[PDB]
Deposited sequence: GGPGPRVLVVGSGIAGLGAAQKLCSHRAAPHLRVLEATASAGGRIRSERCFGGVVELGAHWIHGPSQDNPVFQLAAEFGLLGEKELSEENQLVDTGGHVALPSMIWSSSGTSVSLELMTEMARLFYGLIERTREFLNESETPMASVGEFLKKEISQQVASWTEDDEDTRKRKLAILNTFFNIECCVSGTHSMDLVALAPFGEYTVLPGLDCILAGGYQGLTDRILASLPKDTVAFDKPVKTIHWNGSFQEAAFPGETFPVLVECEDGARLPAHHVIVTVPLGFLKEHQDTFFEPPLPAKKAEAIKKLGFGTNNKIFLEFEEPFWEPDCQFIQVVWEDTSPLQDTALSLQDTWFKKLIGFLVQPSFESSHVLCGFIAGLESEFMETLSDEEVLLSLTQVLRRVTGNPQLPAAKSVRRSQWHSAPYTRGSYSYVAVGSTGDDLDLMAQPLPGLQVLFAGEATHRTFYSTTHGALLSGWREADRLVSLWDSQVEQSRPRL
């Protein structure tokens, strides 16, 4: 059969491989993965006696039309409940009014809905200013955390970097978001296991994809191929088709050396224009819980902060002021979330510094200087991960939904194909977008092979 190489073993690459290998008449296919494991941004780790998810954690919109929900159900990865609660702490050591929280959430999320109905950030700030003394500062402080939560959601440093006009293109499927009781990496491990033996090569990063050529294979019959995949280890792999599923952050940093000749101008510009920000998780293990047992999300409100003063490239007073709060993981574990440049800075700190700094933050925020220190920390480092360089894509100011279609556009003769979350116009930044993109590329190849047969 035709020689196919898939670059990257995340859900997009695995989905593309799954669909191509399932074909009763299958191609000769290999998946080349840079790192030691499969799953990419789906990464479940044994920690604190349980499982921590360093990447994807939720199925967004777990309903019939969500292929990730469909697969998790087929694999037995969902809990019974899935198959059918916040505490607000100020940086002053006091609780925040539930009524004021509701008022600000109604103002903020009402405006988010309106943006989906220049930048998202600028629209939100202009409207909030029109809506706008200790009650005023409190209201602006609450709003500041809501902006920081939207930064985590979009995977951006600032909502001022998020394009307004394309914002509504992102599709949210019905259903309350759920986790996988069976762990998220169980999904990618199951797909990987369905592939023929030795389909995936680990610790095998690709250096350059050479295309638009006539490359002779090493052995008889010295058959010529249009593509040659050059690995970092010197491996010289001829192919008829290469499906690239590498993250947009990797493409932004290396597209100039990763493709030979360079990509067509429109695709090279799409890579540069689209957003690719950082969102990280900080898991903190505690000997005893200090929060209410019914609590699920501890939202932190930073006193005297405001989103109206902030611009696209402004930093918070300290890196930890960008942290939104903590999700209780139901050992006693909390998961803090932090996006953007402050999150990239956190990655440069040692584990000890993060643990000590967040212990001091929690002591301040709870109004308890005796609060025991976290016993252990486990944090994601997505921006410094060399084969990812960030968390997920967004349609940045200066880019549009057409740029996500340009990411998906194949190279001549389908020599090189493109899948991955940043190739999906309406489900970018999700596991289902990434999965659907892999299936899309497999389907595109099958049509070409069916057409070669017919002629």
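Residues of the deposited sequence lacking C-alpha coordinates fall in the stretches 1-3, 88-101, 135-143, 159-165, 364-367, 493-497, numbered from 1.
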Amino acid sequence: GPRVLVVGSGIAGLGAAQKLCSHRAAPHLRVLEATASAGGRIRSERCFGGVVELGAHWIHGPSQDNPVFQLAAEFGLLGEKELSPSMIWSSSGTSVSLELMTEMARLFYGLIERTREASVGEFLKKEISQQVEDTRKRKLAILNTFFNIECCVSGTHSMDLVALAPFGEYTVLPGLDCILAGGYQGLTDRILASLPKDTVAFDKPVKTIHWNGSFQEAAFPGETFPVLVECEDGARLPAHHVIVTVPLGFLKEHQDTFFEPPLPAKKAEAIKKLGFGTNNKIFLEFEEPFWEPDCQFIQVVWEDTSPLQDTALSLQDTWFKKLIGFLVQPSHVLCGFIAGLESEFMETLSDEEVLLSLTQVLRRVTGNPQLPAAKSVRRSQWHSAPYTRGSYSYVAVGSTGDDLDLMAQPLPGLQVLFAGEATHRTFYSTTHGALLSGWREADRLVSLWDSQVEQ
From here on, numbers count along this sequence of modelled residues.
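Judged by the one-third criterion across other entries of this protein, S95, modelled here, is also modelled in every one of those that cover both its neighbours.
Compared with other PDB entries of the same protein, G340 is present in all of those that resolve the residues around it, none of them, let alone a third, dropping it.
Two stretches are in play, 439-447 and 21-29, and the higher mean C-alpha B-factor belongs to 21-29. Per-stretch averaging of Cα B factors for 42-50 and 384-392 places 42-50 on top. The entry lists C-alpha B-factors for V96, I209, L187, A235, and the highest of these is at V96. Reading the B-factor column for the CA atoms of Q255, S119, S314, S331 in the entry, the top value corresponds to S331.
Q309: CA B factor in the highest third of modelled residues in this chain (values from the PDB entry). For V6, the recorded CA B-factor ranks within the lowest third of the chain. Only modelled residues enter the ranking.
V227: CA B factor in the middle third of modelled residues in this chain (values from the PDB entry). Among all modelled residues in this chain, the alpha-carbon of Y109 has a temperature factor (C-alpha) in the highest third. Compared with the other modelled residues of the chain, the Cα B-factor recorded for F297 ranks in the highest third.
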